[PDB]
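Remarks on the structure that follows.
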Amino acid sequence: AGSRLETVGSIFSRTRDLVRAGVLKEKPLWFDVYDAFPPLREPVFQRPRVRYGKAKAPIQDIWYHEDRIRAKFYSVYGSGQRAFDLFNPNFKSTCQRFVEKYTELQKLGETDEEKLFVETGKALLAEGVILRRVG
Amino acid sequence: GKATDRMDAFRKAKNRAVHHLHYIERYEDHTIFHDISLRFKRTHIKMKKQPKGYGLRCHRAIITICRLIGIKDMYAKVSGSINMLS
Amino acid sequence: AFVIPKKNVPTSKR
Amino acid sequence: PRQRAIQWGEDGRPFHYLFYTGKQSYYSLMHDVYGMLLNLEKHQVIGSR
Amino acid sequence: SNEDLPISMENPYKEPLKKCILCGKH
Amino acid sequence: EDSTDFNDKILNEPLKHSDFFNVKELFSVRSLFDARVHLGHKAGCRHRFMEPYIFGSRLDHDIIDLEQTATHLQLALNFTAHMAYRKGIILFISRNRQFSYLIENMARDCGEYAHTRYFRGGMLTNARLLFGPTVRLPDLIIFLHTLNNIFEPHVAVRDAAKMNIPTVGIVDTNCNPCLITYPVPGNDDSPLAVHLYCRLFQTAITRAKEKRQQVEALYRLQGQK
Amino acid sequence: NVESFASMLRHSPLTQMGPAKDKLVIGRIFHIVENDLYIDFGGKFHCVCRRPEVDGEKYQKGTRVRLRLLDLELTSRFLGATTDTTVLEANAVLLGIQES
Ligand code: FES
Ligand SMILES: [Mg+2]
């Protein structure tokens, strides 16, 4: 027979009960496969409701330590002339190169961001990188 | 079931009800597991678990539905609106 | 049981 | 009148991959014409009604 | 554990608040 | 006397192994990342029920957690293979018109069925009247896109549940996975992501069907001698 | 020594790009409908740009072109809506053809 009450339980809970009660003479083909390897969440219908008052989503903004460097670099120099190639997974941009050198100089033991930022730019200039400031 | 003729209404409702079957858990196949108190819209139904031999002491419509489910012993009080659909 | 008059062989019978 | 043949065998599996659309013949034709247009793009009256 | 997990900061890319032409002028 | 042995050696045997079809090798977290499976919609398009699967928001762009996708994808592919091995009818449903041609080819290649067109009301809940009294409905429905073209759940998601048909579904950050049996959180917009799904589901189905032929043949050869 | 997903995300080219506003990227024309050019730059959605009149003939399927990204996804919430309306498209300006 079957049960079309898609809002009451799941397809398995409904099917299992009807097979047990004897309404369904033969269990469906997928029944045995479902029971052996069930999903992580049982597919039960649930109604979405609006968040009211102080309820907020638990999704958090993804930030990293180097975002402080990236934000500063983009403000000082702007978008590098080299165009971002997002197709290449190993592509390194001028900003990424700056972060890398900045981090390398941080390992040396520099504690001043401004001084460390200045030293980072100087190292890149020596390597032949073109750093045209917005000014 | 809806139809101009009463026979067509009887048939439609009867055949369609079979595709919308619940499964009711009966304690020892004669009563409910625990007392159920609920409000559907404006209808209040308060069902109580009862021992064997108590019988069906509830609203007549509930008696009919209980016999179809297989519940033998239960008490229920219907308050608020006595709408048959609710 | 109240017996609903049962339908005959489909009249349309395409 | 020209009647369409049975579209599924004894096992019950329909014979056409677009059977469940209800218009397997029509949608199969649309699929073919769309395919030809794709290949043509990648490669590149009065009497008739 | 792992050091690549996101950390909690205030939006560093957040732009400064806009100001009207008369902001700070009597 | 022979039917029980046949069923046990063929039908019940695969159900005793965790990965009978070895779908683990088909994909890795690296391969999923290279296909942009983790790129979700903007935070303002987020569906409340998709929050458990979202790793976070990178500049107001939800990032789907690929560590959950791997476990969710593993279960969906396993279920798909077991259904193809059991000679079940698999139906691919999708209303994204950028991929209608691709999905219709993928179904024809793996010997399955696709419905990429406008879904007429009652295809599943009124099939015996639309197709015929002896029509057989699908045993599995794989949603490559669960939303219709007005950004609402595809009607077949509800109708499949009414007909007690299990469903596999790629659910982006703006989808509702409550009624999908085997939801797979992932990007459903990028061609690379959709192409990867098609390759993964086509391979699992083809492998499962071939394994069914190999097992049956061995059982028959041994039966004679 | 298996790379975790968090490691992949931190070092992804899209993450190091940061805000996409006014970032020059390289796309590929994957589909062309009359003058409308559909370009893929590696994001979730593609960007649609009109065929430049200066050298329209050069822009063909597969041609790599330079873009200036404005938004990864065009979305907005309008009066009375419970969720954002999404165009399923990115906003970008076609600068020219990439030449090596
Ligand atoms: S913005 Fe108007 S007084 Fe500052
Ligand atoms: Mg999407």
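Residues in the structure tokens are named by chain (A, B, ... in the order shown) and by number from 1 within that chain; ligands are numbered from 1 in the order shown.
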Residues within 8 Å of range 3-10 of chain D, only C-alpha atoms, excluding chain neighbours under 4 positions, as a VMD selection string: (chain D and resid 14 to 16 19) or (chain F and resid 135)
Exercise answer, 9 Å around ligand 1 with only C-alpha atoms and all ligand atoms, as a ChimeraX atom specification: /E:17-25
What does the file look like for those residues with N, CA and C atoms, as a PDB file, in the first residue's frame?
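See out.pdb below for the written result:
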ATOM      1  N   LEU E  17      34.239  54.376   8.069  1.00  0.00           N
ATOM      2  CA  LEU E  17      32.899  54.926   7.928  1.00  0.00           C
ATOM      3  C   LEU E  17      32.926  56.196   7.088  1.00  0.00           C
ATOM      4  N   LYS E  18      31.905  56.360   6.252  1.00  0.00           N
ATOM      5  CA  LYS E  18      31.794  57.552   5.429  1.00  0.00           C
ATOM      6  C   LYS E  18      31.481  58.770   6.294  1.00  0.00           C
ATOM      7  N   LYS E  19      31.823  59.945   5.772  1.00  0.00           N
ATOM      8  CA  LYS E  19      31.632  61.201   6.481  1.00  0.00           C
ATOM      9  C   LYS E  19      31.040  62.232   5.534  1.00  0.00           C
ATOM     10  N   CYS E  20      30.098  63.023   6.043  1.00  0.00           N
ATOM     11  CA  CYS E  20      29.517  64.090   5.247  1.00  0.00           C
ATOM     12  C   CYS E  20      30.521  65.228   5.077  1.00  0.00           C
ATOM     13  N   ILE E  21      30.326  66.007   4.011  1.00  0.00           N
ATOM     14  CA  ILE E  21      31.284  67.052   3.661  1.00  0.00           C
ATOM     15  C   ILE E  21      31.482  68.027   4.813  1.00  0.00           C
ATOM     16  N   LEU E  22      30.465  68.212   5.652  1.00  0.00           N
ATOM     17  CA  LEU E  22      30.529  69.154   6.760  1.00  0.00           C
ATOM     18  C   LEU E  22      30.931  68.493   8.072  1.00  0.00           C
ATOM     19  N   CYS E  23      31.333  67.226   8.041  1.00  0.00           N
ATOM     20  CA  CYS E  23      31.693  66.527   9.267  1.00  0.00           C
ATOM     21  C   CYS E  23      32.906  67.181   9.911  1.00  0.00           C
ATOM     22  N   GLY E  24      32.749  67.612  11.160  1.00  0.00           N
ATOM     23  CA  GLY E  24      33.836  68.219  11.896  1.00  0.00           C
ATOM     24  C   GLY E  24      34.049  69.690  11.636  1.00  0.00           C
ATOM     25  N   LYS E  25      33.088  70.372  11.018  1.00  0.00           N
ATOM     26  CA  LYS E  25      33.199  71.790  10.702  1.00  0.00           C
ATOM     27  C   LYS E  25      32.030  72.535  11.326  1.00  0.00           C
TER      28      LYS E  25
END
Exercise answer, chain D residues close to chain F, 7 Å and only C-alpha atoms, as number ranges by chain: D: 12-13, 17-18, 20-21, 31
Considering only C-alpha atoms, return as a compact mmCIF listing (two decimals) with N, CA, C and O atoms, in the first residue's frame whatever protein or nucleic-acid residues lie within 8 Å of range 1-13 of chain C, sequence-local ones (same chain, fewer than 4 positions apart) excluded.
# COMPACT_ATOMS: atom_id res chain seq x y z
N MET B 7 -22.49 8.44 -3.01
CA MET B 7 -21.73 7.22 -3.27
C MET B 7 -20.31 7.55 -3.73
O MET B 7 -19.35 6.93 -3.27
N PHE B 10 -18.31 8.61 -0.72
CA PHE B 10 -17.92 7.47 0.10
C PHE B 10 -16.73 6.74 -0.52
O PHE B 10 -15.77 6.40 0.18
N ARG B 11 -16.78 6.50 -1.83
CA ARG B 11 -15.71 5.75 -2.49
C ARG B 11 -14.39 6.52 -2.43
O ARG B 11 -13.35 5.96 -2.05
Exercise answer, 8 Å around ligand 2 with only C-alpha atoms and all ligand atoms, as a list in words: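 The distance check yields residues 40, 41, 171, 172, 173, 174, 187, 188 and 189 of chain F.
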Residues of chain A that approach chain F to 10 Å or less, counting only C-alpha atoms: could you list each one with the shortest pair of atoms and its distance in Å to one decimal, rows by chain and increasing residue number, as a tab-separated table?
residue	atom	partner	partner_atom	distance
A:2	CA	F:163	CA	7.3
A:3	CA	F:162	CA	7.0
A:4	CA	F:162	CA	4.2
A:5	CA	F:162	CA	6.2
A:6	CA	F:162	CA	5.1
A:7	CA	F:161	CA	8.8
A:10	CA	F:161	CA	8.0
A:11	CA	F:164	CA	5.2
A:12	CA	F:164	CA	8.0
A:14	CA	F:164	CA	8.4
A:15	CA	F:164	CA	7.5
A:28	CA	F:139	CA	8.5
A:29	CA	F:139	CA	7.3
A:30	CA	F:83	CA	6.8
A:31	CA	F:166	CA	9.2
A:32	CA	F:15	CA	8.0
A:33	CA	F:82	CA	6.8
A:34	CA	F:79	CA	7.5
A:35	CA	F:15	CA	9.4
A:36	CA	F:15	CA	6.4
A:37	CA	F:79	CA	7.3
A:38	CA	F:75	CA	8.0
A:39	CA	F:182	CA	6.0
A:40	CA	F:72	CA	7.8
A:41	CA	F:181	CA	8.1
A:42	CA	F:181	CA	7.1
A:43	CA	F:181	CA	5.1
A:44	CA	F:179	CA	6.1
A:45	CA	F:178	CA	5.3
A:46	CA	F:178	CA	6.2
A:47	CA	F:178	CA	8.6
A:48	CA	F:48	CA	6.9
A:49	CA	F:48	CA	8.3
A:50	CA	F:48	CA	8.7
A:51	CA	F:48	CA	9.3
A:57	CA	F:51	CA	7.7
A:58	CA	F:51	CA	7.5
A:59	CA	F:56	CA	5.3
A:60	CA	F:56	CA	5.3
A:61	CA	F:57	CA	4.8
A:62	CA	F:58	CA	5.1
A:63	CA	F:58	CA	7.5
A:87	CA	F:34	CA	9.2
A:88	CA	F:34	CA	9.7
A:89	CA	F:34	CA	7.7
Who sits within 12 Å of residue 25 in chain G, only C-alpha atoms, same chain under 4 positions skipped, as a VMD selection string: (chain A and resid 79 to 88 91 93) or (chain G and resid 13 to 14 17 20 to 21 39 to 43 47 64 to 70 72 92 to 98)
CA of residue 23 in chain G to CA of residue 76 in chain G, distance in Å rounded to a single decimal: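 Between these atoms lies a distance of 21.3 Å.
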Spatial neighbours of residue 21 in chain A, max dist 12 Å, only C-alpha atoms, sep filter under 4 positions, as a ChimeraX atom specification: /A:1-2,14-17,25-27 /B:21-26,69-70
Interatomic distance, CA of residue 64 in chain F to CA of residue 13 in chain A (Å, one decimal):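 CA of residue 13 in chain A lies 29.4 Å from CA of residue 64 in chain F.
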Straight-line distance linking CA of residue 50 in chain F with CA of residue 44 in chain G, stated in Å to one decimal: 17.7 Å
From F:212, F:194, F:23, F:38, residue lying nearest residue 8 in chain G [only C-alpha atoms]: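 Ranked by minimum distance to residue 8 in chain G, first place goes to F:38.
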